[PDB]
>>> print(open('final_30.cif').read())   # mmCIF, C-alpha atoms and all ligand atoms
data_structure
loop_
_atom_site.label_atom_id
_atom_site.label_comp_id
_atom_site.auth_asym_id
_atom_site.auth_seq_id
_atom_site.Cartn_x
_atom_site.Cartn_y
_atom_site.Cartn_z
CA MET B 1 106.39 70.02 92.47
CA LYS B 2 106.81 71.31 95.99
CA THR B 3 104.54 70.40 98.92
CA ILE B 4 103.90 72.76 101.81
CA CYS B 5 102.54 71.72 105.20
CA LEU B 6 100.25 74.31 106.81
CA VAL B 7 99.73 74.21 110.60
CA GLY B 8 96.38 75.99 110.92
CA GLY B 9 93.35 75.83 108.68
CA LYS B 10 91.47 79.08 109.20
CA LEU B 11 91.98 82.49 107.59
CA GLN B 12 95.79 82.55 107.48
CA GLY B 13 95.68 78.93 106.41
CA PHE B 14 93.33 79.83 103.56
CA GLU B 15 95.49 82.65 102.26
CA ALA B 16 98.62 80.46 102.36
CA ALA B 17 96.74 77.53 100.69
CA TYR B 18 95.38 79.85 97.98
CA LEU B 19 98.82 81.25 97.03
CA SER B 20 100.45 77.78 97.40
CA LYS B 21 98.02 76.48 94.79
CA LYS B 22 98.77 79.49 92.54
CA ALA B 23 102.43 78.48 92.81
CA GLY B 24 101.59 74.92 91.80
CA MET B 25 102.32 73.34 95.19
CA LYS B 26 100.47 70.59 96.90
CA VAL B 27 98.92 71.71 100.19
CA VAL B 28 98.92 69.51 103.23
CA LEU B 29 96.97 70.85 106.17
CA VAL B 30 97.36 70.01 109.81
CA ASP B 31 94.66 71.26 112.22
CA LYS B 32 93.39 69.98 115.59
CA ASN B 33 89.82 70.93 114.59
CA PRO B 34 87.99 68.16 112.60
CA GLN B 35 85.77 70.98 111.30
CA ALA B 36 88.81 73.16 110.32
CA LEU B 37 87.57 75.82 107.96
CA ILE B 38 89.67 74.90 104.91
CA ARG B 39 89.89 71.18 105.52
CA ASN B 40 88.27 70.52 102.08
CA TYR B 41 90.34 73.13 100.24
CA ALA B 42 93.67 71.51 101.13
CA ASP B 43 94.89 68.54 99.15
CA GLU B 44 95.40 66.41 102.28
CA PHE B 45 94.04 66.97 105.75
CA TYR B 46 95.55 65.56 108.92
CA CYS B 47 93.53 66.17 112.03
CA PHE B 48 95.76 66.27 115.12
CA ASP B 49 97.01 68.73 117.69
CA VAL B 50 100.73 69.22 117.03
CA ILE B 51 101.41 69.90 120.74
CA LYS B 52 99.83 66.57 121.68
CA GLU B 53 101.31 64.51 118.85
CA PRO B 54 104.47 66.26 117.68
CA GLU B 55 105.94 63.01 116.25
CA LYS B 56 103.24 63.08 113.54
CA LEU B 57 104.29 66.55 112.48
CA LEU B 58 108.01 65.68 112.62
CA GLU B 59 107.19 62.66 110.39
CA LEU B 60 105.30 64.91 107.93
CA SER B 61 108.33 67.23 107.82
CA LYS B 62 110.24 64.37 106.21
CA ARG B 63 107.97 64.41 103.21
CA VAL B 64 107.16 68.02 102.43
CA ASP B 65 109.35 70.95 101.39
CA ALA B 66 108.41 73.39 104.14
CA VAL B 67 106.24 73.74 107.22
CA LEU B 68 104.39 77.04 107.56
CA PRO B 69 102.68 77.85 110.88
CA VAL B 70 99.50 79.76 110.09
CA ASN B 71 97.84 80.24 113.48
CA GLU B 72 98.25 82.63 116.38
CA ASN B 73 97.84 80.09 119.11
CA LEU B 74 100.73 81.15 121.35
CA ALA B 75 100.95 77.68 122.99
CA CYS B 76 101.31 76.20 119.44
CA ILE B 77 103.92 78.75 118.31
CA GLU B 78 106.03 78.47 121.45
CA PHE B 79 105.86 74.67 121.34
CA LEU B 80 106.97 74.70 117.69
CA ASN B 81 109.85 76.99 118.65
CA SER B 82 110.89 74.41 121.26
CA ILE B 83 111.11 71.56 118.69
CA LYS B 84 112.13 73.41 115.57
CA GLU B 85 115.64 71.89 115.43
CA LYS B 86 114.09 68.47 114.98
CA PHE B 87 112.34 69.22 111.70
CA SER B 88 113.50 67.69 108.43
CA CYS B 89 112.48 70.68 106.34
CA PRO B 90 112.66 74.48 106.91
CA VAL B 91 110.09 76.00 109.28
CA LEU B 92 109.02 79.27 107.52
CA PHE B 93 108.68 81.45 110.62
CA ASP B 94 110.61 84.02 112.70
CA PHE B 95 110.00 83.17 116.33
CA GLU B 96 111.80 86.19 117.77
CA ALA B 97 110.02 88.63 115.42
CA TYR B 98 106.69 87.03 116.43
CA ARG B 99 107.41 87.51 120.14
CA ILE B 100 107.65 91.22 119.57
CA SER B 101 104.88 91.62 116.96
CA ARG B 102 102.30 89.66 118.93
CA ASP B 103 102.37 92.04 121.88
CA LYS B 104 101.21 95.51 120.88
CA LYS B 105 103.01 97.32 123.71
CA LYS B 106 106.28 95.59 123.05
CA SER B 107 105.86 96.47 119.34
CA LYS B 108 105.33 100.11 120.26
CA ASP B 109 108.53 100.12 122.31
CA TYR B 110 110.28 98.58 119.33
CA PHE B 111 108.90 101.35 117.01
CA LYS B 112 110.10 104.02 119.42
CA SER B 113 113.51 102.41 119.75
CA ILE B 114 114.04 102.90 116.04
CA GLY B 115 112.45 106.33 115.73
CA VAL B 116 109.21 105.22 113.98
CA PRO B 117 106.13 107.40 114.76
CA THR B 118 103.24 105.56 116.35
CA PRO B 119 100.03 106.79 118.04
CA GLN B 120 100.40 108.59 121.41
CA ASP B 121 99.73 106.44 124.47
CA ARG B 122 97.11 107.50 127.01
CA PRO B 123 95.93 110.82 125.48
CA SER B 124 94.12 113.23 127.83
CA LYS B 125 91.35 114.19 125.41
CA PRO B 126 88.86 111.93 123.46
CA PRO B 127 88.42 110.12 121.19
CA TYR B 128 90.62 107.36 122.39
CA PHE B 129 91.09 104.13 120.53
CA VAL B 130 91.27 101.09 122.84
CA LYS B 131 92.36 97.56 121.96
CA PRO B 132 93.61 94.40 123.76
CA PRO B 133 97.40 93.99 123.67
CA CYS B 134 97.52 90.59 121.89
CA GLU B 135 94.51 90.04 119.61
CA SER B 136 94.28 90.23 115.80
CA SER B 137 91.38 90.88 113.33
CA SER B 138 90.38 94.01 115.34
CA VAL B 139 88.94 91.72 118.00
CA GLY B 140 88.10 94.05 120.96
CA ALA B 141 89.13 97.21 118.99
CA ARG B 142 86.82 100.14 119.68
CA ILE B 143 86.54 103.88 119.64
CA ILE B 144 85.66 105.50 122.93
CA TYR B 145 84.32 108.99 123.30
CA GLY B 152 87.28 99.87 133.98
CA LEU B 153 89.17 98.25 131.09
CA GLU B 154 91.64 95.53 132.10
CA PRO B 155 94.75 97.32 133.31
CA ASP B 156 96.56 96.02 130.20
CA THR B 157 94.27 97.48 127.49
CA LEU B 158 96.11 99.70 125.02
CA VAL B 159 94.63 103.19 125.08
CA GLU B 160 95.75 105.43 122.22
CA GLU B 161 94.99 108.62 120.46
CA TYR B 162 92.51 107.93 117.70
CA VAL B 163 94.29 108.59 114.44
CA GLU B 164 91.91 109.37 111.56
CA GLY B 165 92.86 108.56 107.97
CA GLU B 166 93.51 105.61 105.63
CA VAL B 167 94.70 102.25 106.99
CA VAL B 168 97.49 101.02 104.82
CA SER B 169 99.41 97.74 104.81
CA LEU B 170 102.77 96.57 103.48
CA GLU B 171 104.34 93.12 103.67
CA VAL B 172 108.07 92.56 104.00
CA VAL B 173 109.91 89.30 103.46
CA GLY B 174 113.40 89.07 104.87
CA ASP B 175 116.10 86.36 104.67
CA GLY B 176 118.04 87.72 107.67
CA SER B 177 120.10 90.09 105.47
CA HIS B 178 117.93 91.42 102.68
CA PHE B 179 114.42 92.73 103.16
CA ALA B 180 112.02 92.70 100.27
CA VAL B 181 109.34 95.35 100.72
CA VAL B 182 106.43 94.34 98.56
CA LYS B 183 103.23 96.16 97.73
CA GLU B 184 101.07 98.77 99.53
CA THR B 185 97.38 98.00 100.02
CA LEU B 186 94.46 99.92 101.38
CA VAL B 187 92.61 98.26 104.22
CA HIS B 188 88.94 99.11 104.05
CA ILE B 189 87.41 99.00 107.57
CA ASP B 190 83.86 98.50 108.72
CA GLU B 191 81.92 99.73 111.78
CA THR B 192 83.65 97.01 113.91
CA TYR B 193 87.11 98.08 112.67
CA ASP B 194 87.39 94.75 110.88
CA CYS B 195 88.58 94.61 107.24
CA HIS B 196 85.89 93.83 104.60
CA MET B 197 87.77 94.92 101.48
CA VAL B 198 91.34 95.42 100.24
CA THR B 199 92.61 97.35 97.18
CA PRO B 200 96.17 98.20 96.03
CA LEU B 201 97.89 101.53 96.47
CA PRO B 202 100.67 103.40 94.63
CA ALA B 203 104.23 103.24 96.01
CA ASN B 204 104.79 105.26 99.13
CA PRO B 205 108.53 105.82 99.62
CA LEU B 206 108.25 106.89 103.27
CA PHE B 207 106.07 103.85 104.27
CA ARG B 208 108.44 101.66 102.24
CA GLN B 209 111.57 102.95 104.09
CA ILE B 210 109.86 102.61 107.44
CA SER B 211 108.76 99.01 106.68
CA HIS B 212 112.28 98.30 105.49
CA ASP B 213 113.84 99.53 108.75
CA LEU B 214 111.25 97.69 110.89
CA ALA B 215 112.31 94.41 109.17
CA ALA B 216 116.02 95.29 109.02
CA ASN B 217 116.30 96.05 112.76
CA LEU B 218 114.87 92.75 113.90
CA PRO B 219 116.48 91.33 111.65
CA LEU B 220 113.58 89.53 109.89
CA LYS B 221 113.94 86.12 108.48
CA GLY B 222 110.40 85.35 107.45
CA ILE B 223 107.42 87.51 106.58
CA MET B 224 105.82 90.39 108.47
CA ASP B 225 103.22 92.90 107.67
CA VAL B 226 103.23 96.50 108.78
CA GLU B 227 100.09 98.53 109.24
CA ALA B 228 99.95 102.31 109.43
CA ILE B 229 97.38 105.09 109.37
CA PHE B 230 98.04 108.01 107.05
CA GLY B 231 96.99 110.52 109.67
CA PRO B 232 96.44 114.28 109.64
CA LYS B 233 99.93 114.80 111.15
CA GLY B 234 101.63 112.11 109.12
CA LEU B 235 102.04 108.39 108.95
CA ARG B 236 101.71 106.49 112.27
CA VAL B 237 102.59 102.80 112.56
CA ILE B 238 99.90 101.02 114.52
CA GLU B 239 101.08 97.41 114.44
CA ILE B 240 103.32 94.81 112.88
CA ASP B 241 102.53 91.13 112.60
CA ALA B 242 105.33 88.63 111.92
CA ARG B 243 103.16 85.87 110.49
CA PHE B 244 101.58 85.05 107.15
CA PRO B 245 98.69 87.48 106.71
CA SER B 246 95.20 87.07 105.26
CA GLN B 247 93.47 89.13 102.55
CA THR B 248 96.29 91.43 101.51
CA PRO B 249 98.51 88.75 99.90
CA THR B 250 95.80 88.05 97.32
CA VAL B 251 95.72 91.69 96.30
CA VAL B 252 99.53 91.75 96.29
CA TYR B 253 99.42 88.76 93.97
CA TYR B 254 97.18 90.28 91.29
CA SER B 255 98.34 93.87 91.58
CA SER B 256 102.06 93.21 91.68
CA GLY B 257 102.59 89.65 90.35
CA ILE B 258 104.45 88.67 93.49
CA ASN B 259 103.40 85.47 95.25
CA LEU B 260 104.27 85.93 98.96
CA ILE B 261 104.40 82.17 99.49
CA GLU B 262 107.05 81.70 96.78
CA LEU B 263 108.95 84.70 98.13
CA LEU B 264 108.78 83.40 101.70
CA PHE B 265 109.96 80.03 100.57
CA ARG B 266 112.90 81.66 98.72
CA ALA B 267 113.90 83.53 101.87
CA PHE B 268 114.57 80.20 103.59
CA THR B 269 116.32 78.57 100.57
CA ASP B 270 118.32 80.85 98.25
CA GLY B 271 117.64 84.24 99.79
CA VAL B 272 115.76 87.26 98.68
CA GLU B 273 116.67 90.48 96.97
CA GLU B 274 115.42 93.90 97.73
CA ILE B 275 112.44 95.56 95.77
CA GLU B 280 102.97 93.96 87.27
CA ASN B 281 100.88 97.09 87.87
CA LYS B 282 97.29 95.76 87.68
CA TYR B 283 94.30 96.62 89.84
CA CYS B 284 92.49 94.17 92.13
CA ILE B 285 89.49 94.38 94.46
CA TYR B 286 89.18 91.83 97.23
CA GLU B 287 86.10 91.79 99.43
CA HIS B 288 83.71 89.77 101.66
CA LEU B 289 79.87 89.92 101.27
CA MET B 290 77.42 87.96 103.40
CA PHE B 291 74.12 86.88 101.91
CA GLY B 292 71.90 87.82 104.74
CA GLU B 293 68.14 87.37 105.10
CA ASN B 294 66.49 87.14 101.60
CA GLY B 295 69.74 87.79 99.69
CA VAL B 296 70.48 91.27 100.84
CA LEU B 297 74.33 91.38 100.40
CA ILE B 298 76.10 92.87 103.38
CA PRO B 299 79.87 93.66 103.70
CA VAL B 300 81.44 91.71 106.53
CA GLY B 301 84.90 91.45 108.04
CA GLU B 302 87.13 88.49 108.74
CA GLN B 303 85.76 87.99 112.19
CA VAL B 304 82.52 86.93 110.43
CA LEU B 305 84.17 84.67 107.89
CA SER B 306 86.03 82.91 110.64
CA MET B 307 82.79 81.62 112.20
CA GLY B 308 82.08 79.60 109.03
CA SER B 309 82.10 75.82 108.78
CA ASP B 310 83.46 75.20 105.31
CA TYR B 311 85.40 77.43 102.89
CA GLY B 312 86.26 76.64 99.29
CA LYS B 313 86.10 77.82 95.66
CA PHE B 314 82.60 78.73 94.42
CA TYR B 315 83.18 80.20 90.94
CA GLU B 316 85.84 81.47 88.55
CA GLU B 317 86.04 83.10 85.15
CA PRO B 318 88.64 85.43 83.65
CA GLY B 319 89.31 88.26 86.21
CA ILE B 320 86.88 86.82 88.79
CA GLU B 321 87.26 84.36 91.61
CA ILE B 322 84.58 83.67 94.20
CA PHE B 323 84.96 81.63 97.39
CA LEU B 324 82.10 80.54 99.55
CA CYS B 325 82.36 80.22 103.28
CA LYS B 326 79.34 78.13 104.42
CA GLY B 327 77.76 78.62 107.79
CA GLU B 328 75.11 80.66 109.55
CA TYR B 329 74.67 82.75 106.43
CA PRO B 330 76.88 82.18 103.49
CA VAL B 331 79.83 84.57 103.09
CA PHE B 332 81.38 85.10 99.67
CA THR B 333 84.95 86.23 99.21
CA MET B 334 85.25 87.90 95.85
CA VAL B 335 88.44 88.63 94.02
CA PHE B 336 88.38 90.78 90.90
CA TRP B 337 91.38 91.92 88.87
CA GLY B 338 92.20 93.60 85.61
CA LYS B 339 94.56 96.11 83.98
CA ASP B 340 93.13 99.22 85.60
CA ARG B 341 90.42 100.27 87.97
CA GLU B 342 87.93 100.44 85.18
CA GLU B 343 88.36 96.90 83.87
CA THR B 344 88.39 95.64 87.46
CA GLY B 345 85.23 97.55 88.32
CA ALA B 346 83.58 95.87 85.32
CA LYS B 347 84.61 92.42 86.60
CA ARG B 348 83.21 93.33 90.00
CA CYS B 349 79.89 94.11 88.26
CA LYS B 350 79.98 90.80 86.32
CA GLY B 351 80.82 88.90 89.56
CA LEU B 352 77.98 90.58 91.44
CA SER B 353 75.55 89.65 88.63
CA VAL B 354 76.77 86.02 88.87
CA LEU B 355 75.44 86.12 92.43
CA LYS B 356 72.41 88.18 91.29
CA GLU B 357 71.23 85.75 88.59
CA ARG B 358 72.25 82.61 90.50
CA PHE B 359 71.03 83.36 94.02
CA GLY B 360 68.71 86.35 93.80
CA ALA B 361 71.30 88.52 95.55
CA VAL B 362 70.60 92.23 96.02
CA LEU B 363 73.28 95.02 95.61
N1 LIG Z 1 98.30 72.99 118.38
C1 LIG Z 1 97.60 73.08 117.24
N2 LIG Z 1 97.56 72.03 116.40
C2 LIG Z 1 96.87 71.97 115.26
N3 LIG Z 1 96.15 73.00 114.84
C3 LIG Z 1 96.13 74.14 115.58
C4 LIG Z 1 96.82 74.27 116.86
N4 LIG Z 1 96.60 75.51 117.34
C5 LIG Z 1 95.78 76.16 116.48
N5 LIG Z 1 95.51 75.32 115.45
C6 LIG Z 1 94.61 75.60 114.34
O1 LIG Z 1 94.97 76.82 113.71
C7 LIG Z 1 93.78 77.48 113.28
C8 LIG Z 1 93.86 78.94 113.65
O2 LIG Z 1 94.01 79.06 115.07
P1 LIG Z 1 93.99 80.52 115.77
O3 LIG Z 1 94.97 81.38 114.99
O4 LIG Z 1 94.23 80.23 117.23
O5 LIG Z 1 92.57 81.10 115.32
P2 LIG Z 1 91.22 81.26 116.21
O6 LIG Z 1 91.63 81.97 117.48
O7 LIG Z 1 90.38 82.15 115.32
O8 LIG Z 1 90.67 79.86 116.41
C9 LIG Z 1 92.59 76.84 113.98
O9 LIG Z 1 91.80 76.17 112.98
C10 LIG Z 1 93.24 75.90 114.97
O10 LIG Z 1 92.35 74.79 115.19
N1 LIG Z 2 95.26 104.39 117.20
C1 LIG Z 2 94.30 104.10 116.29
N2 LIG Z 2 93.52 105.07 115.74
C2 LIG Z 2 92.54 104.80 114.85
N3 LIG Z 2 92.26 103.57 114.43
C3 LIG Z 2 92.99 102.50 114.89
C4 LIG Z 2 94.06 102.71 115.87
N4 LIG Z 2 94.61 101.49 116.16
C5 LIG Z 2 93.92 100.58 115.43
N5 LIG Z 2 92.97 101.20 114.67
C6 LIG Z 2 91.99 100.53 113.77
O1 LIG Z 2 91.63 99.26 114.35
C7 LIG Z 2 92.06 98.18 113.51
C8 LIG Z 2 92.78 97.12 114.37
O2 LIG Z 2 94.03 97.67 114.86
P1 LIG Z 2 95.31 96.78 114.81
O3 LIG Z 2 96.23 97.62 115.69
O4 LIG Z 2 95.56 96.40 113.53
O5 LIG Z 2 94.85 95.42 115.68
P2 LIG Z 2 94.76 93.96 114.95
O6 LIG Z 2 96.00 93.29 115.34
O7 LIG Z 2 93.62 93.40 115.48
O8 LIG Z 2 94.67 94.26 113.61
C9 LIG Z 2 92.99 98.86 112.48
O9 LIG Z 2 92.99 98.28 111.19
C10 LIG Z 2 92.48 100.26 112.37
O10 LIG Z 2 91.31 100.25 111.54
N1 LIG Z 3 98.46 92.65 105.78
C1 LIG Z 3 97.22 93.18 106.38
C2 LIG Z 3 96.59 92.04 107.22
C3 LIG Z 3 95.27 92.45 107.93
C4 LIG Z 3 94.39 91.22 108.36
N2 LIG Z 3 93.46 90.88 107.27
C5 LIG Z 3 95.05 89.89 108.72
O1 LIG Z 3 96.09 89.54 108.14
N3 LIG Z 3 94.35 89.10 109.61
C6 LIG Z 3 94.82 87.84 110.24
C7 LIG Z 3 93.72 87.12 111.09
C8 LIG Z 3 93.96 85.58 111.29
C9 LIG Z 3 93.32 85.02 112.59
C10 LIG Z 3 93.57 83.51 112.85
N4 LIG Z 3 94.98 83.33 113.21
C11 LIG Z 3 93.21 82.66 111.64
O2 LIG Z 3 94.15 82.13 111.00
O3 LIG Z 3 91.99 82.54 111.29
MG MG Z 4 97.18 92.80 114.20
MG MG Z 5 95.63 95.00 112.42
#
>>> encode(input="final_30.cif", output="structure tokens", more="lines below")
Ligand SMILES: Nc1ncnc2c1ncn2[C@@H]1O[C@H](COP(=O)(O)OP(=O)(O)O)[C@@H](O)[C@H]1O
Ligand SMILES: Nc1ncnc2c1ncn2[C@@H]1O[C@H](COP(=O)(O)OP(=O)(O)O)[C@@H](O)[C@H]1O
Ligand SMILES: NCCC[C@@H](N)C(=O)NCCCC[C@H](N)C(=O)O
Ligand SMILES: [Mg+2]
Ligand SMILES: [Mg+2]
Amino acid sequence: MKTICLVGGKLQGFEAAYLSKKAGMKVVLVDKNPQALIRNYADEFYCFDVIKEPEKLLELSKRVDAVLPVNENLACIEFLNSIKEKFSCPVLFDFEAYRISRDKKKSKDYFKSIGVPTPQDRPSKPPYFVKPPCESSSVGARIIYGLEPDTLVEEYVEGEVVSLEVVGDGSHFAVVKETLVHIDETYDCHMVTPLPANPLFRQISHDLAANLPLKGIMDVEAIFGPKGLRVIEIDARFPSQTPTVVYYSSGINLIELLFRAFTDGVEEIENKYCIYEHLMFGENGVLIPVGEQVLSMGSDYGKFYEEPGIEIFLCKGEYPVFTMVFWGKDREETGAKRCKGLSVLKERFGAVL
């Protein structure tokens, strides 16, 4: 039995904990927040700030199999970079890839340097899409029909938002499974479903990882626009939401793959359907789709229900949010599970949908 130490107990932390448990690992969480969202979901919870008390983390490293940073606190990441040689287990992270992926302008220069199409900067005609250079979860992302001078302003590319993860070991780059990112009126993601192989997106994602070169995990997001595929961002960190869909739809556990990349290496290259989504139980049980930004304001997140083909997680807070995961052999079986899972909320809580 392996043990993984997660630094960060919010959405990334949840995804990593979830897949770690599927792999049969024990999950130790470190988080500076005594109310960390998944503090009760992990097997052990240590509350400390790793920048203030790095000796505690270094000591933990002596008794787990890997440390996985799952936060986007740049002070945390850079500090961990500074002490990484002192760890007694592998740190599953690519610090140089993260430096590029975290800054959207730098990422766009990287795309251009390798010939990868990306949305036009500073179009002369609306709509524009504007976003901060260094956020995630579509925080500050808006369509527009005095921004800070650093705001990204791009052509608005209409079409499907599609995601692919890549795990590299420095030499080989394992391109995993395409997923559709379903977006809400805030441009946040409320649902994810799997997509058929897309050889162009796969080669692009391969070359993005290969040119870094990636030793770790990164996801690549693109819009299938009217004039072709345009890469909008990369993120060299463990993602949320998509890895669960990747797990049911493809049978690949991104945590086990990432761990392999730092131990024996990875090699390049199921076909089930899965629906992953978030629903808030708003005033008198009207179910409303919500994105991650909503889920991340919760106080407590853990397993609510499971039966064959159905898992439900409850994120407590100002209005309960349910994360629902349905899977099955095709869309039809999965759609049936989604119905059964909704009726579990319908009969239990008087939910409406
Ligand atoms: N230095 C740190 N030590 C321990 N936990 C940390 C540190 N920095 C961030 N975290 C934890 O990682 C989690 C995710 O952080 P972050 O990615 O910055 O998300 P957010 O901006 O939504 O709070 C949080 O629960 C945070 O408390
Ligand atoms: N140029 C664009 N045109 C149209 N939609 C976009 C564009 N850039 C981003 N988006 C939308 O906004 C969301 C957030 O963009 P992204 O670049 O992924 O920032 P974040 O790091 O927050 O995810 C995307 O999933 C997509 O829905
Ligand atoms: N592969 C597609 C990924 C799209 C998106 N769902 C995502 O990974 N979001 C990461 C947000 C995490 C914010 C914060 N660092 C936290 O951990 O809560
Ligand atoms: Mg992003
Ligand atoms: Mg994004």
>>> closest_residue(input="final_30.cif", among="B:360, B:318, B:133, B:8", to="residue 291 of chain B", atoms="all atoms listed in the file")
B:360
>>> residues_near_point(input="final_30.cif", point="(108.1, 94.8, 95.8)", cutoff="9 Å", atoms="all atoms listed in the file", output="JSON, numbers by chain")
{"B": [171, 172, 180, 181, 182, 183, 184, 256, 258, 274, 275]}
>>> residues_around(input="final_30.cif", residues="residue 164 of chain B", least_positions_apart="2", cutoff="8 Å", atoms="all atoms listed in the file", output="number ranges by chain")
B: 162, 166, 229-232
>>> write_last_selection(input="final_30.cif", atoms="C-alpha atoms", output="PDB file, keeping the file's coordinate frame")
ATOM      1  CA  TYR B 162      92.510 107.930 117.700  1.00  0.00           C
ATOM      2  CA  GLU B 166      93.510 105.610 105.630  1.00  0.00           C
ATOM      3  CA  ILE B 229      97.380 105.090 109.370  1.00  0.00           C
ATOM      4  CA  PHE B 230      98.040 108.010 107.050  1.00  0.00           C
ATOM      5  CA  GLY B 231      96.990 110.520 109.670  1.00  0.00           C
ATOM      6  CA  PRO B 232      96.440 114.280 109.640  1.00  0.00           C
TER       7      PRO B 232
END
>>> residues_around(input="final_30.cif", residues="segment 57-70 of chain B", least_positions_apart="5", cutoff="7 Å", atoms="all atoms listed in the file", output="PyMOL selection string")
chain B and resi 2-8+12-13+50+87-93+244
>>> residues_near_ligand(input="final_30.cif", ligand="ligand MG 5 (chain Z)", cutoff="8 Å", atoms="only C-alpha atoms and all ligand atoms", output="list in words")
residues 136, 137, 138, 227, 238, 239, 240 and 241 of chain B
>>> axis_aligned_box(input="final_30.cif", around="ligand LIG 2 (chain Z)", padding_each_side="6 Å", output="lines of an AutoDock Vina configuration file")
center_x = 93.8
center_y = 99.2
center_z = 114.2
size_x = 16.9
size_y = 23.8
size_z = 18.0
>>> residues_near_ligand(input="final_30.cif", ligand="ligand LIG 1 (chain Z)", cutoff="8 Å", atoms="only C-alpha atoms and all ligand atoms", output="MDAnalysis selection string")
chainID B and resid 7:13 30:33 36:37 47:52 70:76 306
>>> closest_residue(input="final_30.cif", among="B:128, B:46, B:179, B:359", to="ligand LIG 2 (chain Z)", atoms="all atoms listed in the file")
B:128
>>> residues_near_ligand(input="final_30.cif", ligand="ligand LIG 2 (chain Z)", cutoff="10 Å", atoms="all atoms listed in the file", output="PyMOL selection string")
chain B and resi 101-104+118-121+127-143+158-169+187-195+226-229+231+236-241
>>> residues_around(input="final_30.cif", residues="residue 213 of chain B", least_positions_apart="2", cutoff="12 Å", atoms="all atoms listed in the file", output="VMD selection string")
chain B and resid 110 to 111 113 to 116 172 174 177 to 181 206 to 211 215 to 220 226
>>> closest_residue(input="final_30.cif", among="B:246, B:124, B:81, B:40", to="ligand MG 4 (chain Z)", atoms="all atoms listed in the file")
B:246
>>> closest_residue(input="final_30.cif", among="B:281, B:314, B:53, B:331", to="residue 302 of chain B", atoms="only C-alpha atoms")
B:331
>>> build_atoms(input="final_30.cif", residues="segment 334-344 of chain B", atoms="N, CA, C and O atoms", output="short mmCIF file (atom, residue, chain, number, x, y, z; two decimals), in the coordinates of the input")
data_model
loop_
_atom_site.label_atom_id
_atom_site.label_comp_id
_atom_site.auth_asym_id
_atom_site.auth_seq_id
_atom_site.Cartn_x
_atom_site.Cartn_y
_atom_site.Cartn_z
N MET B 334 85.20 87.58 97.24
CA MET B 334 85.25 87.90 95.85
C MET B 334 86.56 88.57 95.56
O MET B 334 86.99 89.49 96.28
N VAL B 335 87.16 88.12 94.47
CA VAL B 335 88.44 88.63 94.02
C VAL B 335 88.25 88.98 92.56
O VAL B 335 87.95 88.09 91.74
N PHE B 336 88.45 90.25 92.26
CA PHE B 336 88.38 90.78 90.90
C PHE B 336 89.71 91.41 90.52
O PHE B 336 90.34 92.05 91.36
N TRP B 337 90.16 91.26 89.27
CA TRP B 337 91.38 91.92 88.87
C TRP B 337 91.31 92.24 87.42
O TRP B 337 90.47 91.70 86.69
N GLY B 338 92.21 93.10 86.98
CA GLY B 338 92.20 93.60 85.61
C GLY B 338 93.28 94.66 85.49
O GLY B 338 93.99 94.95 86.47
N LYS B 339 93.40 95.26 84.31
CA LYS B 339 94.56 96.11 83.98
C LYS B 339 94.47 97.51 84.64
O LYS B 339 95.48 98.15 84.96
N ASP B 340 93.26 97.97 84.89
CA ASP B 340 93.13 99.22 85.60
C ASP B 340 91.86 99.14 86.40
O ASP B 340 91.18 98.12 86.38
N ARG B 341 91.52 100.25 87.05
CA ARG B 341 90.42 100.27 87.97
C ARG B 341 89.17 100.04 87.17
O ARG B 341 88.20 99.50 87.68
N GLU B 342 89.19 100.44 85.90
CA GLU B 342 87.93 100.44 85.18
C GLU B 342 87.54 99.01 84.74
O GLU B 342 86.39 98.60 84.88
N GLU B 343 88.54 98.27 84.25
CA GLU B 343 88.36 96.90 83.87
C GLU B 343 87.97 96.10 85.11
O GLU B 343 87.06 95.29 85.07
N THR B 344 88.64 96.37 86.22
CA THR B 344 88.39 95.64 87.46
C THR B 344 86.98 95.90 87.96
O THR B 344 86.27 94.98 88.44
#
